$ cat protein_33.txt   # compact mmCIF, N, CA and C atoms and all ligand atoms
# COMPACT_ATOMS: atom_id res chain seq x y z
N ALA H 1 -69.03 -36.02 -33.30
CA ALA H 1 -67.59 -36.44 -33.45
C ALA H 1 -67.35 -37.89 -32.97
N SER H 2 -67.82 -38.84 -33.78
CA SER H 2 -67.73 -40.22 -33.56
C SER H 2 -67.15 -41.05 -34.69
N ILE H 3 -67.12 -40.55 -35.93
CA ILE H 3 -66.48 -41.36 -36.96
C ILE H 3 -65.38 -40.59 -37.62
N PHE H 4 -64.35 -41.32 -38.09
CA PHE H 4 -63.20 -40.73 -38.75
C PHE H 4 -63.29 -41.06 -40.25
N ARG H 5 -63.15 -40.03 -41.07
CA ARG H 5 -63.11 -40.11 -42.51
C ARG H 5 -61.76 -39.67 -43.02
N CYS H 6 -61.38 -40.05 -44.24
CA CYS H 6 -60.21 -39.51 -44.89
C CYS H 6 -60.35 -38.04 -45.08
N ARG H 7 -59.39 -37.27 -44.65
CA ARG H 7 -59.41 -35.86 -44.80
C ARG H 7 -59.46 -35.37 -46.23
N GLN H 8 -58.81 -36.13 -47.11
CA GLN H 8 -58.72 -35.69 -48.55
C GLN H 8 -59.94 -35.96 -49.31
N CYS H 9 -60.80 -36.90 -48.93
CA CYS H 9 -61.89 -37.31 -49.83
C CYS H 9 -63.19 -37.66 -49.15
N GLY H 10 -63.20 -37.93 -47.79
CA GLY H 10 -64.35 -38.38 -47.21
C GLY H 10 -64.65 -39.82 -47.00
N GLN H 11 -63.83 -40.69 -47.54
CA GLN H 11 -64.01 -42.11 -47.32
C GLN H 11 -64.18 -42.47 -45.83
N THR H 12 -65.16 -43.27 -45.44
CA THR H 12 -65.28 -43.70 -44.03
C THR H 12 -64.08 -44.63 -43.69
N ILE H 13 -63.38 -44.35 -42.59
CA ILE H 13 -62.23 -45.11 -42.15
C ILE H 13 -62.33 -45.80 -40.81
N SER H 14 -62.68 -45.06 -39.76
CA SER H 14 -62.73 -45.71 -38.44
C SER H 14 -63.69 -44.94 -37.54
N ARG H 15 -63.69 -45.29 -36.25
CA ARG H 15 -64.65 -44.76 -35.29
C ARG H 15 -63.91 -44.50 -34.01
N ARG H 16 -64.32 -43.48 -33.27
CA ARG H 16 -63.72 -43.22 -31.98
C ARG H 16 -63.80 -44.43 -31.03
N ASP H 17 -64.91 -45.13 -31.11
CA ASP H 17 -65.16 -46.32 -30.30
C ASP H 17 -64.13 -47.42 -30.53
N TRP H 18 -63.43 -47.37 -31.63
CA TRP H 18 -62.47 -48.41 -32.01
C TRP H 18 -61.01 -47.99 -31.64
N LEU H 19 -60.82 -46.89 -30.94
CA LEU H 19 -59.47 -46.55 -30.49
C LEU H 19 -58.95 -47.62 -29.57
N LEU H 20 -57.63 -47.88 -29.64
CA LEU H 20 -57.01 -48.97 -28.99
C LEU H 20 -55.83 -48.47 -28.12
N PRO H 21 -55.93 -48.53 -26.83
CA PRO H 21 -54.79 -48.16 -26.01
C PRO H 21 -53.66 -49.17 -25.98
N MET H 22 -52.72 -49.05 -26.89
CA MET H 22 -51.52 -49.92 -27.04
C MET H 22 -50.48 -49.40 -26.06
N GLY H 23 -49.96 -50.27 -25.21
CA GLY H 23 -49.04 -49.79 -24.23
C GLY H 23 -49.61 -48.73 -23.29
N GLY H 24 -50.93 -48.64 -23.13
CA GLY H 24 -51.52 -47.66 -22.23
C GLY H 24 -52.02 -46.34 -22.80
N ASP H 25 -51.82 -46.14 -24.09
CA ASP H 25 -52.18 -44.88 -24.72
C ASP H 25 -52.50 -45.18 -26.17
N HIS H 26 -53.61 -44.65 -26.69
CA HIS H 26 -53.90 -44.87 -28.12
C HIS H 26 -53.02 -44.01 -29.04
N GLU H 27 -52.36 -42.99 -28.48
CA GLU H 27 -51.52 -42.09 -29.26
C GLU H 27 -50.02 -42.39 -29.05
N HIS H 28 -49.31 -42.54 -30.18
CA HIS H 28 -47.87 -42.84 -30.20
C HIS H 28 -47.23 -41.90 -31.20
N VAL H 29 -46.23 -41.10 -30.78
CA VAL H 29 -45.51 -40.24 -31.77
C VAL H 29 -44.16 -40.87 -32.13
N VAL H 30 -43.97 -40.99 -33.43
CA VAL H 30 -42.89 -41.81 -33.95
C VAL H 30 -42.23 -41.11 -35.13
N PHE H 31 -41.02 -41.53 -35.49
CA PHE H 31 -40.32 -41.05 -36.71
C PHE H 31 -39.87 -42.21 -37.55
N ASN H 32 -39.97 -42.02 -38.83
CA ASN H 32 -39.41 -42.97 -39.78
C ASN H 32 -37.95 -42.66 -40.12
N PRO H 33 -37.30 -43.53 -40.91
CA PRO H 33 -35.92 -43.31 -41.24
C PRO H 33 -35.62 -42.03 -42.06
N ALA H 34 -36.65 -41.44 -42.63
CA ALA H 34 -36.50 -40.16 -43.40
C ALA H 34 -36.77 -38.99 -42.46
N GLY H 35 -36.93 -39.25 -41.18
CA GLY H 35 -37.09 -38.19 -40.19
C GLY H 35 -38.48 -37.63 -40.03
N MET H 36 -39.44 -38.15 -40.79
CA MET H 36 -40.82 -37.66 -40.73
C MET H 36 -41.41 -38.09 -39.40
N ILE H 37 -42.01 -37.15 -38.67
CA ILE H 37 -42.71 -37.38 -37.42
C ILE H 37 -44.18 -37.67 -37.72
N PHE H 38 -44.76 -38.70 -37.08
CA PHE H 38 -46.18 -39.01 -37.21
C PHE H 38 -46.83 -39.10 -35.84
N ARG H 39 -48.04 -38.52 -35.69
CA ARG H 39 -48.86 -38.69 -34.48
C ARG H 39 -49.80 -39.81 -34.82
N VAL H 40 -49.47 -41.02 -34.41
CA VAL H 40 -50.23 -42.22 -34.74
C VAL H 40 -51.26 -42.51 -33.61
N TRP H 41 -52.49 -42.68 -34.08
CA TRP H 41 -53.59 -43.18 -33.22
C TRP H 41 -53.79 -44.68 -33.61
N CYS H 42 -53.81 -45.51 -32.61
CA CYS H 42 -54.03 -46.97 -32.78
C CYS H 42 -55.52 -47.22 -32.72
N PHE H 43 -55.97 -48.03 -33.66
CA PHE H 43 -57.35 -48.48 -33.79
C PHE H 43 -57.38 -49.97 -33.89
N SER H 44 -58.34 -50.61 -33.21
CA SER H 44 -58.41 -52.03 -33.30
C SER H 44 -58.95 -52.46 -34.65
N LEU H 45 -59.68 -51.53 -35.33
CA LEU H 45 -60.42 -51.80 -36.51
C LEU H 45 -60.50 -50.54 -37.38
N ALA H 46 -60.50 -50.76 -38.69
CA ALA H 46 -60.64 -49.70 -39.72
C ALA H 46 -61.15 -50.33 -40.95
N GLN H 47 -61.75 -49.53 -41.83
CA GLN H 47 -62.36 -49.96 -43.06
C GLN H 47 -62.00 -48.93 -44.13
N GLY H 48 -62.27 -49.24 -45.39
CA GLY H 48 -62.11 -48.24 -46.42
C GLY H 48 -60.68 -48.00 -46.87
N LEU H 49 -59.74 -48.83 -46.42
CA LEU H 49 -58.37 -48.70 -46.76
C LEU H 49 -58.06 -49.70 -47.83
N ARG H 50 -56.89 -49.56 -48.40
CA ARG H 50 -56.24 -50.57 -49.21
C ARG H 50 -54.87 -50.88 -48.63
N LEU H 51 -54.66 -52.15 -48.30
CA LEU H 51 -53.41 -52.54 -47.61
C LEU H 51 -52.49 -53.02 -48.68
N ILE H 52 -51.29 -52.44 -48.76
CA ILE H 52 -50.44 -52.62 -49.93
C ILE H 52 -49.33 -53.64 -49.70
N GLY H 53 -49.18 -54.61 -50.60
CA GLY H 53 -48.07 -55.55 -50.55
C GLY H 53 -48.14 -56.47 -49.37
N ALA H 54 -46.97 -56.94 -48.99
CA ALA H 54 -46.85 -57.94 -47.99
C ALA H 54 -46.16 -57.30 -46.75
N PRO H 55 -46.29 -57.92 -45.58
CA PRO H 55 -45.74 -57.25 -44.39
C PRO H 55 -44.25 -57.24 -44.27
N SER H 56 -43.71 -56.27 -43.52
CA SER H 56 -42.33 -56.13 -43.22
C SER H 56 -42.12 -55.82 -41.72
N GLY H 57 -41.14 -56.39 -41.10
CA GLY H 57 -40.77 -56.02 -39.75
C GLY H 57 -39.79 -54.85 -39.62
N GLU H 58 -39.17 -54.48 -40.74
CA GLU H 58 -38.12 -53.49 -40.77
C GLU H 58 -38.64 -52.21 -40.16
N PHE H 59 -37.88 -51.69 -39.19
CA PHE H 59 -38.17 -50.35 -38.63
C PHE H 59 -39.44 -50.27 -37.82
N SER H 60 -40.08 -51.42 -37.53
CA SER H 60 -41.35 -51.39 -36.89
C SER H 60 -41.33 -50.66 -35.55
N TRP H 61 -42.32 -49.77 -35.44
CA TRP H 61 -42.52 -48.96 -34.21
C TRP H 61 -43.16 -49.75 -33.07
N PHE H 62 -43.65 -50.94 -33.33
CA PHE H 62 -44.42 -51.71 -32.34
C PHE H 62 -43.77 -53.07 -32.26
N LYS H 63 -43.29 -53.47 -31.12
CA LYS H 63 -42.48 -54.63 -30.94
C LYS H 63 -43.31 -55.85 -31.25
N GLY H 64 -42.75 -56.71 -32.09
CA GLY H 64 -43.41 -57.96 -32.44
C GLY H 64 -44.31 -57.89 -33.62
N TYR H 65 -44.57 -56.69 -34.16
CA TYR H 65 -45.47 -56.51 -35.31
C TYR H 65 -44.77 -56.19 -36.60
N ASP H 66 -45.32 -56.71 -37.70
CA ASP H 66 -44.91 -56.41 -39.02
C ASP H 66 -45.97 -55.50 -39.65
N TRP H 67 -45.56 -54.63 -40.54
CA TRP H 67 -46.47 -53.60 -41.11
C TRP H 67 -46.67 -53.70 -42.59
N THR H 68 -47.84 -53.18 -43.04
CA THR H 68 -48.18 -52.95 -44.42
C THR H 68 -48.65 -51.54 -44.49
N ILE H 69 -48.32 -50.83 -45.56
CA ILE H 69 -48.83 -49.46 -45.80
C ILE H 69 -50.34 -49.54 -45.99
N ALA H 70 -51.06 -48.63 -45.38
CA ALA H 70 -52.49 -48.51 -45.53
C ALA H 70 -52.82 -47.19 -46.24
N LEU H 71 -53.34 -47.32 -47.45
CA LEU H 71 -53.81 -46.15 -48.22
C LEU H 71 -55.32 -46.00 -48.04
N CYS H 72 -55.80 -44.77 -48.12
CA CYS H 72 -57.24 -44.60 -48.37
C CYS H 72 -57.59 -45.41 -49.61
N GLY H 73 -58.59 -46.28 -49.51
CA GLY H 73 -59.01 -47.06 -50.62
C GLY H 73 -59.69 -46.32 -51.73
N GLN H 74 -60.14 -45.12 -51.44
CA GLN H 74 -60.82 -44.29 -52.45
C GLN H 74 -59.77 -43.41 -53.15
N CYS H 75 -59.05 -42.57 -52.38
CA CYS H 75 -58.20 -41.56 -53.01
C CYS H 75 -56.71 -41.85 -53.03
N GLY H 76 -56.28 -42.86 -52.28
CA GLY H 76 -54.86 -43.21 -52.30
C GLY H 76 -54.01 -42.47 -51.32
N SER H 77 -54.55 -41.56 -50.56
CA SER H 77 -53.81 -40.85 -49.49
C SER H 77 -53.22 -41.88 -48.52
N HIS H 78 -51.97 -41.64 -48.11
CA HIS H 78 -51.36 -42.51 -47.15
C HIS H 78 -51.88 -42.20 -45.77
N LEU H 79 -52.71 -43.07 -45.21
CA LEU H 79 -53.36 -42.87 -43.93
C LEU H 79 -52.67 -43.53 -42.75
N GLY H 80 -51.80 -44.51 -43.00
CA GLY H 80 -51.07 -45.15 -41.93
C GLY H 80 -50.59 -46.49 -42.31
N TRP H 81 -50.74 -47.42 -41.36
CA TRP H 81 -50.21 -48.80 -41.52
C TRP H 81 -51.13 -49.79 -40.87
N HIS H 82 -51.17 -51.00 -41.39
CA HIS H 82 -51.74 -52.14 -40.75
C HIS H 82 -50.62 -53.00 -40.14
N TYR H 83 -50.78 -53.34 -38.88
CA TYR H 83 -49.84 -54.18 -38.14
C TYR H 83 -50.40 -55.59 -37.90
N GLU H 84 -49.56 -56.60 -38.09
CA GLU H 84 -49.96 -57.98 -37.91
C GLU H 84 -48.75 -58.78 -37.46
N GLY H 85 -49.04 -60.03 -37.17
CA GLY H 85 -48.04 -60.96 -36.75
C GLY H 85 -47.53 -60.94 -35.32
N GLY H 86 -48.25 -60.11 -34.50
CA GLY H 86 -47.90 -59.92 -33.13
C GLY H 86 -48.77 -60.67 -32.15
N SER H 87 -48.90 -60.13 -30.94
CA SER H 87 -49.67 -60.78 -29.93
C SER H 87 -50.47 -59.77 -29.09
N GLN H 88 -51.73 -60.10 -28.82
CA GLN H 88 -52.62 -59.39 -27.81
C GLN H 88 -52.56 -57.85 -28.05
N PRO H 89 -53.07 -57.40 -29.18
CA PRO H 89 -53.70 -58.14 -30.30
C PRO H 89 -52.72 -58.67 -31.37
N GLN H 90 -53.18 -59.65 -32.15
CA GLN H 90 -52.34 -60.07 -33.28
C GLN H 90 -52.21 -59.00 -34.35
N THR H 91 -53.23 -58.16 -34.47
CA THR H 91 -53.32 -57.14 -35.48
C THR H 91 -53.95 -55.84 -34.98
N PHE H 92 -53.59 -54.74 -35.59
CA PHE H 92 -54.27 -53.44 -35.36
C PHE H 92 -53.90 -52.48 -36.47
N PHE H 93 -54.52 -51.28 -36.45
CA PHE H 93 -54.16 -50.22 -37.36
C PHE H 93 -53.55 -49.03 -36.69
N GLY H 94 -52.47 -48.52 -37.24
CA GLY H 94 -51.87 -47.29 -36.78
C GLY H 94 -52.09 -46.21 -37.80
N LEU H 95 -52.99 -45.27 -37.49
CA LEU H 95 -53.43 -44.22 -38.44
C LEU H 95 -52.90 -42.85 -38.04
N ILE H 96 -52.56 -42.06 -39.05
CA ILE H 96 -51.96 -40.74 -38.86
C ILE H 96 -53.07 -39.72 -38.52
N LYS H 97 -53.10 -39.22 -37.32
CA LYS H 97 -54.27 -38.48 -36.82
C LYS H 97 -54.69 -37.33 -37.73
N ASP H 98 -53.72 -36.54 -38.18
CA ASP H 98 -53.96 -35.32 -38.93
C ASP H 98 -54.38 -35.63 -40.36
N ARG H 99 -54.37 -36.87 -40.81
CA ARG H 99 -54.84 -37.21 -42.12
C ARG H 99 -56.32 -37.70 -42.11
N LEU H 100 -56.97 -37.64 -40.96
CA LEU H 100 -58.39 -38.01 -40.78
C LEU H 100 -59.16 -36.74 -40.37
N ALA H 101 -60.47 -36.75 -40.67
CA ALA H 101 -61.43 -35.78 -40.17
C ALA H 101 -62.47 -36.47 -39.29
N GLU H 102 -62.79 -35.91 -38.16
CA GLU H 102 -63.70 -36.47 -37.17
C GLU H 102 -65.03 -35.78 -37.31
N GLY H 103 -66.15 -36.54 -37.17
CA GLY H 103 -67.42 -35.92 -37.34
C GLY H 103 -68.55 -36.89 -37.02
N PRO H 104 -69.75 -36.48 -37.27
CA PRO H 104 -70.94 -37.22 -36.82
C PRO H 104 -71.13 -38.54 -37.57
N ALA H 105 -71.79 -39.53 -36.96
CA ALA H 105 -72.04 -40.81 -37.69
C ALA H 105 -73.21 -40.65 -38.67
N1 LIG S 201 -37.89 -47.68 -44.56
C1 LIG S 201 -38.71 -46.58 -44.70
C2 LIG S 201 -38.40 -45.64 -45.68
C3 LIG S 201 -39.21 -44.51 -45.85
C4 LIG S 201 -40.32 -44.31 -45.04
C5 LIG S 201 -40.62 -45.27 -44.08
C6 LIG S 201 -39.84 -46.38 -43.92
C7 LIG S 201 -40.47 -47.03 -42.87
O1 LIG S 201 -40.06 -48.22 -42.37
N2 LIG S 201 -41.55 -46.48 -42.43
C8 LIG S 201 -42.38 -46.78 -41.27
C9 LIG S 201 -43.22 -47.99 -41.60
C10 LIG S 201 -44.02 -48.34 -40.37
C11 LIG S 201 -43.23 -48.50 -39.09
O2 LIG S 201 -43.64 -49.11 -38.13
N3 LIG S 201 -42.02 -47.89 -39.07
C12 LIG S 201 -41.60 -47.05 -40.01
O3 LIG S 201 -40.48 -46.38 -39.80
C13 LIG S 201 -41.65 -45.37 -43.17
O4 LIG S 201 -42.66 -44.44 -42.91
ZN ZN S 202 -59.19 -40.51 -49.25
$ encode --input "protein_33.txt" --output "structure tokens" --more "lines below"
Ligand SMILES: Nc1cccc2c1C(=O)N([C@H]1CCC(=O)NC1=O)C2=O
Ligand SMILES: [Zn+2]
Amino acid sequence: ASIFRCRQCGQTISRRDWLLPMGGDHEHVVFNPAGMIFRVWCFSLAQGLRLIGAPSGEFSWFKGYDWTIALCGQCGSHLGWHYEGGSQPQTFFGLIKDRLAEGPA
């Protein structure tokens, strides 16, 4: 249980080693304006995604950061968001825990 894959298809996405304690905890539970609750795990790094469009600050869960939707690059499943434009770090990924599968490298 060291690498994270897309639950829907298997695409390699991230690694346990790349978890990022933002504000002291890698896990942040948040809601969007449609009321959907997400258990977001922050990662300093991820691969295998497709980052869609240009960034937006609207509704951002992380102060100082703008977001882009992050899809699985293989199957299109919405896996989370890429955050940029901030500070320490300038960028990171916020991925929806239950949309990944954990397993051996
Ligand atoms: N405006 C809408 C409308 C529908 C769904 C979402 C947003 C929205 O902003 N986010 C996220 C994007 C990422 C973020 O940081 N905050 C959000 O509320 C959504 O899931
Ligand atoms: Zn996928």
$ atom_distance --input "protein_33.txt" --atom1 "atom N of residue H:40" --atom2 "atom CA of residue H:26"
8.6 Å
$ residues_near_ligand --input "protein_33.txt" --ligand "ligand LIG 201 (chain S)" --cutoff "5 Å" --atoms "all atoms listed in the file" --output "list in words"
residues 31, 32, 33, 58, 59, 60 and 61 of chain H
$ write_last_selection --input "protein_33.txt" --atoms "N, CA and C atoms" --output "mmCIF file, in the frame of the given file"
data_model
loop_
_atom_site.group_PDB
_atom_site.id
_atom_site.type_symbol
_atom_site.label_atom_id
_atom_site.label_comp_id
_atom_site.auth_asym_id
_atom_site.auth_seq_id
_atom_site.Cartn_x
_atom_site.Cartn_y
_atom_site.Cartn_z
ATOM 1 N N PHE H 31 -41.020 -41.530 -35.490
ATOM 2 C CA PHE H 31 -40.320 -41.050 -36.710
ATOM 3 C C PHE H 31 -39.870 -42.210 -37.550
ATOM 4 N N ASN H 32 -39.970 -42.020 -38.830
ATOM 5 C CA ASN H 32 -39.410 -42.970 -39.780
ATOM 6 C C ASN H 32 -37.950 -42.660 -40.120
ATOM 7 N N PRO H 33 -37.300 -43.530 -40.910
ATOM 8 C CA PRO H 33 -35.920 -43.310 -41.240
ATOM 9 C C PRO H 33 -35.620 -42.030 -42.060
ATOM 10 N N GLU H 58 -39.170 -54.480 -40.740
ATOM 11 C CA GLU H 58 -38.120 -53.490 -40.770
ATOM 12 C C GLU H 58 -38.640 -52.210 -40.160
ATOM 13 N N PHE H 59 -37.880 -51.690 -39.190
ATOM 14 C CA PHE H 59 -38.170 -50.350 -38.630
ATOM 15 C C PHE H 59 -39.440 -50.270 -37.820
ATOM 16 N N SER H 60 -40.080 -51.420 -37.530
ATOM 17 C CA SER H 60 -41.350 -51.390 -36.890
ATOM 18 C C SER H 60 -41.330 -50.660 -35.550
ATOM 19 N N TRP H 61 -42.320 -49.770 -35.440
ATOM 20 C CA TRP H 61 -42.520 -48.960 -34.210
ATOM 21 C C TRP H 61 -43.160 -49.750 -33.070
#
$ closest_atom_pairs --input "protein_33.txt" --of "chain H" --to "ligand ZN 202 (chain S)" --cutoff "7 Å" --atoms "only N, CA and C atoms and all ligand atoms" --output "CSV"
residue,atom,partner,partner_atom,distance
H:5,C,S:ZN202,ZN,6.8
H:6,CA,S:ZN202,ZN,4.6
H:7,N,S:ZN202,ZN,5.6
H:8,C,S:ZN202,ZN,4.6
H:9,N,S:ZN202,ZN,4.0
H:10,N,S:ZN202,ZN,5.0
H:11,N,S:ZN202,ZN,4.9
H:71,C,S:ZN202,ZN,6.8
H:72,CA,S:ZN202,ZN,4.6
H:73,N,S:ZN202,ZN,5.8
H:74,C,S:ZN202,ZN,4.9
H:75,N,S:ZN202,ZN,3.7
H:76,N,S:ZN202,ZN,4.8
H:77,N,S:ZN202,ZN,4.9
$ residues_around --input "protein_33.txt" --residues "residue H:18" --least-positions-apart "5" --cutoff "8 Å" --atoms "only N, CA and C atoms" --output "list in words"
residues 2, 42, 43, 44, 45 and 46 of chain H
$ select_by_dssp --input "protein_33.txt" --residues "stretch 11-96 of chain H" --states "strand (DSSP E or B)" --output "PyMOL selection string"
chain H and resi 12-15+19+22+25+27-31+37-43+49-56+66-72+78-84+92-96
$ residues_around --input "protein_33.txt" --residues "residue H:94" --least-positions-apart "2" --cutoff "8 Å" --atoms "only C-alpha atoms" --output "MDAnalysis selection string"
chainID H and resid 40:43 80:83 92 96
$ residues_around --input "protein_33.txt" --residues "residue H:1" --least-positions-apart "4" --cutoff "7 Å" --atoms "only N, CA and C atoms" --output "list in words"
residues 16, 102, 103, 104 and 105 of chain H
$ write_last_selection --input "protein_33.txt" --atoms "N, CA and C atoms" --output "tab-separated table (two decimals), in the coordinates of the input"
chain	number	residue	atom	x	y	z
H	16	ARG	N	-64.32	-43.48	-33.27
H	16	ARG	CA	-63.72	-43.22	-31.98
H	16	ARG	C	-63.80	-44.43	-31.03
H	102	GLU	N	-62.79	-35.91	-38.16
H	102	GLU	CA	-63.70	-36.47	-37.17
H	102	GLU	C	-65.03	-35.78	-37.31
H	103	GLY	N	-66.15	-36.54	-37.17
H	103	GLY	CA	-67.42	-35.92	-37.34
H	103	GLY	C	-68.55	-36.89	-37.02
H	104	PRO	N	-69.75	-36.48	-37.27
H	104	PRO	CA	-70.94	-37.22	-36.82
H	104	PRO	C	-71.13	-38.54	-37.57
H	105	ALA	N	-71.79	-39.53	-36.96
H	105	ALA	CA	-72.04	-40.81	-37.69
H	105	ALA	C	-73.21	-40.65	-38.67
$ residues_around --input "protein_33.txt" --residues "residue H:54" --least-positions-apart "4" --cutoff "7 Å" --atoms "all atoms listed in the file" --output "list in words"
residues 67, 68 and 69 of chain H
$ residues_around --input "protein_33.txt" --residues "residue H:30" --least-positions-apart "5" --cutoff "7 Å" --atoms "only C-alpha atoms" --output "list in words"
residues 37, 38 and 39 of chain H
$ atom_distance --input "protein_33.txt" --atom1 "atom CA of residue H:17" --atom2 "atom CA of residue H:70"
19.9 Å
$ atom_distance --input "protein_33.txt" --atom1 "atom CA of residue H:85" --atom2 "atom CA of residue H:20"
16.9 Å
$ build_atoms --input "protein_33.txt" --residues "stretch 86-102 of chain H" --atoms "N, CA, C and O atoms" --output "CSV table (one decimal), in the coordinates of the input"
chain,number,residue,atom,x,y,z
H,86,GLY,N,-48.2,-60.1,-34.5
H,86,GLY,CA,-47.9,-59.9,-33.1
H,86,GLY,C,-48.8,-60.7,-32.2
H,86,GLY,O,-49.3,-61.7,-32.5
H,87,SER,N,-48.9,-60.1,-30.9
H,87,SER,CA,-49.7,-60.8,-29.9
H,87,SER,C,-50.5,-59.8,-29.1
H,87,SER,O,-49.9,-58.7,-28.7
H,88,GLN,N,-51.7,-60.1,-28.8
H,88,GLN,CA,-52.6,-59.4,-27.8
H,88,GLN,C,-52.6,-57.8,-28.0
H,88,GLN,O,-52.1,-57.1,-27.2
H,89,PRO,N,-53.1,-57.4,-29.2
H,89,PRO,CA,-53.7,-58.1,-30.3
H,89,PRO,C,-52.7,-58.7,-31.4
H,89,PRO,O,-51.6,-58.2,-31.5
H,90,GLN,N,-53.2,-59.6,-32.2
H,90,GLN,CA,-52.3,-60.1,-33.3
H,90,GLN,C,-52.2,-59.0,-34.4
H,90,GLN,O,-51.2,-58.9,-35.0
H,91,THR,N,-53.2,-58.2,-34.5
H,91,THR,CA,-53.3,-57.1,-35.5
H,91,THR,C,-54.0,-55.8,-35.0
H,91,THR,O,-54.8,-55.8,-34.0
H,92,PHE,N,-53.6,-54.7,-35.6
H,92,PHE,CA,-54.3,-53.4,-35.4
H,92,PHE,C,-53.9,-52.5,-36.5
H,92,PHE,O,-53.0,-52.8,-37.3
H,93,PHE,N,-54.5,-51.3,-36.4
H,93,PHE,CA,-54.2,-50.2,-37.4
H,93,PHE,C,-53.6,-49.0,-36.7
H,93,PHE,O,-54.0,-48.6,-35.6
H,94,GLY,N,-52.5,-48.5,-37.2
H,94,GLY,CA,-51.9,-47.3,-36.8
H,94,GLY,C,-52.1,-46.2,-37.8
H,94,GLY,O,-51.5,-46.3,-38.9
H,95,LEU,N,-53.0,-45.3,-37.5
H,95,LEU,CA,-53.4,-44.2,-38.4
H,95,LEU,C,-52.9,-42.8,-38.0
H,95,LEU,O,-52.8,-42.5,-36.9
H,96,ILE,N,-52.6,-42.1,-39.0
H,96,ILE,CA,-52.0,-40.7,-38.9
H,96,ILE,C,-53.1,-39.7,-38.5
H,96,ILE,O,-53.9,-39.4,-39.4
H,97,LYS,N,-53.1,-39.2,-37.3
H,97,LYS,CA,-54.3,-38.5,-36.8
H,97,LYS,C,-54.7,-37.3,-37.7
H,97,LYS,O,-55.9,-37.0,-38.0
H,98,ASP,N,-53.7,-36.5,-38.2
H,98,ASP,CA,-54.0,-35.3,-38.9
H,98,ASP,C,-54.4,-35.6,-40.4
H,98,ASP,O,-54.6,-34.6,-41.1
H,99,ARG,N,-54.4,-36.9,-40.8
H,99,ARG,CA,-54.8,-37.2,-42.1
H,99,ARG,C,-56.3,-37.7,-42.1
H,99,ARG,O,-56.8,-38.1,-43.1
H,100,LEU,N,-57.0,-37.6,-41.0
H,100,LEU,CA,-58.4,-38.0,-40.8
H,100,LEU,C,-59.2,-36.7,-40.4
H,100,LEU,O,-58.6,-35.8,-39.7
H,101,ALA,N,-60.5,-36.8,-40.7
H,101,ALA,CA,-61.4,-35.8,-40.2
H,101,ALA,C,-62.5,-36.5,-39.3
H,101,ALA,O,-62.9,-37.5,-39.7
H,102,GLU,N,-62.8,-35.9,-38.2
H,102,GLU,CA,-63.7,-36.5,-37.2
H,102,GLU,C,-65.0,-35.8,-37.3
H,102,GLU,O,-65.1,-34.5,-37.5
